[PDB]
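So here's one chain in two forms, each on its own in structure tokens, numbered structure 1 and structure 2.
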Structure 1
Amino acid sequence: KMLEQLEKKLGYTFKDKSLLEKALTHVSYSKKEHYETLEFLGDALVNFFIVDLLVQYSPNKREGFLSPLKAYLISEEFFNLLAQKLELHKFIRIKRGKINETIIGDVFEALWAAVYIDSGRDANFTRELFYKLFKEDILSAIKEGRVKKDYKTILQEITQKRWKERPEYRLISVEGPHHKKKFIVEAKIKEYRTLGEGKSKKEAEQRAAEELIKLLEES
């Protein structure tokens, strides 16, 4: 079977083939054995794998900084960047409707569940096999701070949550001393204020937001 082309990239050789196929095969292809179950488990799994790696390498080890940074790590957006190293989609077995941005990301979770279950439920073995493939990528996504949405959206949701209030944006500067074009706005919430410059009134408001995000992690 062409399975071997995946085991090679994965770095593991299944002892129970149907298992591997199951995590790959979609319901539309066979409603009798699809990745619904494995996907469910894989979520909890992969999550742990990542949160663990994160908690262990996060610059600012604080839940106020982790929560948002984890969003991108356990998101289907990232799952594909990780799944692409496997070209998982090629091995998928879907029928009704071509591959979907989230269907693969859902297959990515099913897979690791399949490896986990095939190893005798050896968490340690599996977790390792997982770091051997993406630990580096995750560490990178963490060294940069990759967020799931623009800072402005994040900030808003944060404030509306904590204070049922949206942030305030005020323009402070539209020019420099020698008449150049640079915008300066003060993102503000409650009594917490920050500054942000940008080539645009918007780019300046996304900066000031990013700042008002840190200035709140520890409240």
Structure 2
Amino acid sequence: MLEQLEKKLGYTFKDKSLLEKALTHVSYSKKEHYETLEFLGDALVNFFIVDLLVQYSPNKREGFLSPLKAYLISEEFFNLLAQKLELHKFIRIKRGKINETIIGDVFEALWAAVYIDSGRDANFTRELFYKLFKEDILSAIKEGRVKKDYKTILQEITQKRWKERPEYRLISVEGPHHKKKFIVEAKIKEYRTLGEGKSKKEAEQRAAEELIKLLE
């Protein structure tokens, strides 16, 4: 029920249809779904995060803050924030069709919905977002839970040492086409490592993470 979500959010909607739209997947309704709210929500939440980063590190450069932002505005991090709202239990979509992509999109749409319902009060919405997640975000940073970009880190290591970039190649692919599992190999000089994932990029990130350790 919507009331339970409003209680978790700490905000009561004037237009309940706005909240319903944010929670509804297009496959469930072609008239009122979250796609447009998600578009707005992405820009709104990205702004909330960037502002928080700059506020607590006013004298830090873009090279320090952007890597943090890159993870904090990611679908993965939004799924972690969404857990606090048990968002998955309010999404209107066929049973068993919910995945991280959907949860991440609804999270963004939900915030656009609050923003619009509040009369487009950006200040209000930003502070409500912080009331709920500011400490979680800052703590994730301080406690080292921000994920590293292993593919980039790896090529910086190899480019500094050998002025060369690592190479990745597919070793194997298995499972149904809509649920493939990839195994790739990362290599630099005579060092080689393996990585697995649901996409080639994910498998490469895993292999890079291992190759870095090996080089050390």
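Here, residue number means position along structure 1's sequence, counting from 1. Rigid core: the largest C-alpha set superposing within 1.5 Å between the two forms.
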{"query": "Position that moves between structure 1 and structure 2 after core superposition, taken from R146, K135, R93, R127, with Cα shift of 2 Å or more", "finding": "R146"}
{"query": "Two-part rigid motion between structure 1 and structure 2 - turning angle of the smaller part, in °", "finding": "97"}
{"query": "For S173, CA displacement between structure 1 and structure 2 after the core is overlaid, in Å", "finding": "33.3"}
{"query": "Core superposition result - C-alpha of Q156, shift between structure 1 and structure 2, Å", "finding": "2.2"}
{"query": "Core-aligned CA shift between structure 1 and structure 2 for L53 (Å)", "finding": "0.3"}
